Structure formats: structure tokens, C-alpha cells
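Trainee: The file below is entry03.csv, CSV, N, CA and C atoms:
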```csv
chain,number,residue,atom,x,y,z
A,1,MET,N,112.7,81.4,64.6
A,1,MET,CA,111.7,81.3,63.5
A,1,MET,C,110.4,82.0,63.9
A,2,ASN,N,109.8,82.7,63.0
A,2,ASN,CA,108.5,83.4,63.2
A,2,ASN,C,107.3,82.4,63.0
A,3,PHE,N,107.1,81.5,63.9
A,3,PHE,CA,106.0,80.6,63.9
A,3,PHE,C,105.6,80.2,65.3
A,4,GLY,N,104.5,80.8,65.8
A,4,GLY,CA,104.0,80.5,67.1
A,4,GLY,C,102.8,81.4,67.4
A,5,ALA,N,103.0,82.2,68.5
A,5,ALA,CA,101.9,83.1,68.9
A,5,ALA,C,102.0,84.4,68.1
A,6,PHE,N,101.7,84.2,66.8
A,6,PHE,CA,101.8,85.4,65.9
A,6,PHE,C,100.5,86.3,66.1
A,7,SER,N,100.8,87.5,66.7
A,7,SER,CA,99.7,88.4,67.0
A,7,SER,C,98.8,87.9,68.1
A,8,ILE,N,98.2,86.8,67.9
A,8,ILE,CA,97.3,86.2,68.9
A,8,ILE,C,98.1,85.4,69.9
A,9,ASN,N,98.1,85.8,71.2
A,9,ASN,CA,98.8,85.1,72.2
A,9,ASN,C,97.9,84.1,72.9
A,10,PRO,N,98.4,82.9,73.3
A,10,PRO,CA,97.6,81.8,73.9
A,10,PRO,C,96.9,82.3,75.2
A,11,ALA,N,95.7,81.9,75.3
A,11,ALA,CA,94.9,82.3,76.5
A,11,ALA,C,95.3,81.5,77.7
A,12,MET,N,95.9,80.3,77.5
A,12,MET,CA,96.3,79.5,78.6
A,12,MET,C,97.3,80.2,79.5
A,13,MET,N,98.0,81.1,79.0
A,13,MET,CA,99.0,81.9,79.8
A,13,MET,C,98.2,82.9,80.7
A,14,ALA,N,97.2,83.6,80.1
A,14,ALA,CA,96.5,84.5,80.9
A,14,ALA,C,95.5,83.8,81.9
A,15,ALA,N,95.0,82.7,81.5
A,15,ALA,CA,94.1,81.9,82.3
A,15,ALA,C,94.9,81.4,83.6
A,16,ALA,N,96.2,81.0,83.3
A,16,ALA,CA,97.0,80.6,84.4
A,16,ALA,C,97.4,81.7,85.4
A,17,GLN,N,97.4,82.9,84.9
A,17,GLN,CA,97.6,84.1,85.7
A,17,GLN,C,96.4,84.4,86.6
A,18,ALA,N,95.3,84.2,86.0
A,18,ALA,CA,94.0,84.4,86.7
A,18,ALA,C,93.8,83.3,87.7
A,19,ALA,N,94.5,82.2,87.5
A,19,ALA,CA,94.4,81.0,88.4
A,19,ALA,C,95.0,81.3,89.7
A,20,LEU,N,96.1,82.1,89.7
A,20,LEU,CA,96.8,82.5,90.9
A,20,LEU,C,95.9,83.6,91.7
A,21,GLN,N,95.2,84.3,90.9
A,21,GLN,CA,94.3,85.4,91.4
A,21,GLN,C,95.1,86.6,92.0
A,22,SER,N,95.7,86.3,93.2
A,22,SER,CA,96.3,87.4,93.9
A,22,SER,C,95.2,88.5,94.2
A,23,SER,N,94.1,88.0,94.8
A,23,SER,CA,93.0,88.8,95.0
A,23,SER,C,92.9,89.4,96.4
A,24,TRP,N,92.7,90.7,96.5
A,24,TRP,CA,92.3,91.3,97.7
A,24,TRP,C,90.9,91.8,97.7
A,25,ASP,N,90.2,91.8,98.8
A,25,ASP,CA,88.8,92.1,98.9
A,25,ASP,C,88.5,92.9,100.1
A,26,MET,N,89.0,92.4,101.2
A,26,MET,CA,88.8,93.1,102.5
A,26,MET,C,90.1,93.0,103.3
A,27,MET,N,90.9,92.0,103.0
A,27,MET,CA,92.2,91.9,103.7
A,27,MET,C,93.2,92.8,103.0
A,28,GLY,N,92.7,93.5,101.9
A,28,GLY,CA,93.6,94.4,101.2
A,28,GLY,C,93.9,95.6,102.0
A,29,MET,N,94.9,95.5,102.9
A,29,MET,CA,95.3,96.6,103.7
A,29,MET,C,95.9,97.7,102.9
A,30,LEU,N,96.4,97.4,101.7
A,30,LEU,CA,97.1,98.3,100.8
A,30,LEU,C,96.1,99.5,100.5
A,31,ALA,N,94.8,99.2,100.5
A,31,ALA,CA,93.8,100.2,100.1
A,31,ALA,C,93.6,101.2,101.2
A,32,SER,N,94.1,100.9,102.4
A,32,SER,CA,94.0,101.8,103.5
A,32,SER,C,95.4,102.5,103.8
A,33,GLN,N,96.4,101.8,103.3
A,33,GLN,CA,97.8,102.3,103.5
A,33,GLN,C,98.1,103.6,102.7
A,34,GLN,N,97.2,103.7,101.6
A,34,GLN,CA,97.4,104.9,100.7
A,34,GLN,C,96.8,106.1,101.4
A,35,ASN,N,96.1,106.0,102.5
A,35,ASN,CA,95.5,107.1,103.3
A,35,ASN,C,96.5,107.5,104.4
A,36,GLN,N,97.5,108.2,104.0
A,36,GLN,CA,98.5,108.7,105.0
A,36,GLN,C,98.0,109.9,105.8
A,37,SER,N,97.2,109.6,106.8
A,37,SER,CA,96.7,110.7,107.6
A,37,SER,C,97.1,110.5,109.1
A,38,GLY,N,98.1,109.7,109.3
A,38,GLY,CA,98.6,109.4,110.6
A,38,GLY,C,97.7,108.5,111.4
A,39,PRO,N,97.4,107.2,111.0
A,39,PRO,CA,96.5,106.3,111.7
A,39,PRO,C,96.9,106.0,113.1
A,40,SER,N,98.2,106.1,113.4
A,40,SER,CA,98.7,105.8,114.7
A,40,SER,C,99.2,107.1,115.3
A,41,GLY,N,98.6,108.2,115.0
A,41,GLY,CA,99.0,109.5,115.5
A,41,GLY,C,98.5,109.7,116.9
A,42,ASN,N,99.4,110.0,117.8
A,42,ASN,CA,99.1,110.2,119.2
A,42,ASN,C,98.6,111.6,119.5
A,43,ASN,N,97.4,112.0,119.0
A,43,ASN,CA,96.9,113.3,119.1
A,43,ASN,C,96.3,113.5,120.5
A,44,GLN,N,97.2,113.6,121.5
A,44,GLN,CA,96.8,113.9,122.9
A,44,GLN,C,96.8,115.4,123.1
A,45,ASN,N,96.0,116.1,122.3
A,45,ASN,CA,95.9,117.5,122.4
A,45,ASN,C,95.1,117.9,123.7
A,46,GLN,N,95.4,119.1,124.2
A,46,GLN,CA,94.7,119.6,125.4
A,46,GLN,C,93.3,120.1,125.1
A,47,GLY,N,92.3,119.2,125.2
A,47,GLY,CA,91.0,119.6,124.9
A,47,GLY,C,90.6,119.3,123.4
A,48,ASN,N,90.0,120.3,122.7
A,48,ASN,CA,89.6,120.1,121.4
A,48,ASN,C,89.5,121.4,120.6
A,49,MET,N,90.0,122.5,121.3
A,49,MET,CA,90.0,123.8,120.7
A,49,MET,C,91.1,124.0,119.7
A,50,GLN,N,90.9,123.5,118.5
A,50,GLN,CA,92.0,123.6,117.5
A,50,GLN,C,91.3,124.1,116.2
```
Please re-express this file's structure in C-alpha cells.
Mentor:
Amino acid sequence: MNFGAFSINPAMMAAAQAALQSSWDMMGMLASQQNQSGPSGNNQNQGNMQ
């Protein structure tokens, strides 16, 4: 039957999602993992003339 959250959906659902947060702020390693520049690259080059 069409009688419930017609067009307007209950805020309790969204509020409950914001309750979990899943927040990154500084522990968010994912923000640095997008920088694929070889963070563990063993650049043991002979000198620096490159």
C-alpha cells in the first residue's frame, strides 16, 4: 500500500547514519593512499644527478 514515507523520507534514518559517523580527520590514511608516488620506493640512486 502507498502510505508511508511519501516523497518525504524520515529524518530518523539519516540521523542514525550520521550517528555512526564513520569519520576520518587525520587517521584517514585513504587520503594519502591516493598519492601513488611510491612512498616506499627504495631510490638508492648513485648521487643525485638525474
Trainee: Just the alpha helix (DSSP H) stuff from chain A, please, per backbone DSSP, written as a PyMOL selection string.
Mentor: chain A and resi 11-20+30-33
Trainee: Just write the chosen residues, N, CA and C atoms, as a compact mmCIF listing (two decimals), in the frame of the given file.
Mentor:
```txt
# COMPACT_ATOMS: atom_id res chain seq x y z
N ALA A 11 95.70 81.90 75.30
CA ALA A 11 94.90 82.30 76.50
C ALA A 11 95.30 81.50 77.70
N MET A 12 95.90 80.30 77.50
CA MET A 12 96.30 79.50 78.60
C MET A 12 97.30 80.20 79.50
N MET A 13 98.00 81.10 79.00
CA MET A 13 99.00 81.90 79.80
C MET A 13 98.20 82.90 80.70
N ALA A 14 97.20 83.60 80.10
CA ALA A 14 96.50 84.50 80.90
C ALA A 14 95.50 83.80 81.90
N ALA A 15 95.00 82.70 81.50
CA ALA A 15 94.10 81.90 82.30
C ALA A 15 94.90 81.40 83.60
N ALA A 16 96.20 81.00 83.30
CA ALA A 16 97.00 80.60 84.40
C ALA A 16 97.40 81.70 85.40
N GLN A 17 97.40 82.90 84.90
CA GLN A 17 97.60 84.10 85.70
C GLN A 17 96.40 84.40 86.60
N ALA A 18 95.30 84.20 86.00
CA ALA A 18 94.00 84.40 86.70
C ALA A 18 93.80 83.30 87.70
N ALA A 19 94.50 82.20 87.50
CA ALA A 19 94.40 81.00 88.40
C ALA A 19 95.00 81.30 89.70
N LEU A 20 96.10 82.10 89.70
CA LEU A 20 96.80 82.50 90.90
C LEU A 20 95.90 83.60 91.70
N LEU A 30 96.40 97.40 101.70
CA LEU A 30 97.10 98.30 100.80
C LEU A 30 96.10 99.50 100.50
N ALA A 31 94.80 99.20 100.50
CA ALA A 31 93.80 100.20 100.10
C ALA A 31 93.60 101.20 101.20
N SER A 32 94.10 100.90 102.40
CA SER A 32 94.00 101.80 103.50
C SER A 32 95.40 102.50 103.80
N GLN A 33 96.40 101.80 103.30
CA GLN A 33 97.80 102.30 103.50
C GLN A 33 98.10 103.60 102.70
```
Trainee: Just the number, please: distance in Å from CA of residue 29 (chain A) to atom N of residue 42 (chain A), one decimal.
Mentor: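 Between CA of residue 29 (chain A) and atom N of residue 42 (chain A) the gap works out to 19.9 Å.
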Trainee: Between atom N of residue 50 (chain A) and atom N of residue 38 (chain A), what distance in Å does the model show, to one decimal?
Mentor: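 Between these atoms lies a distance of 18.1 Å.
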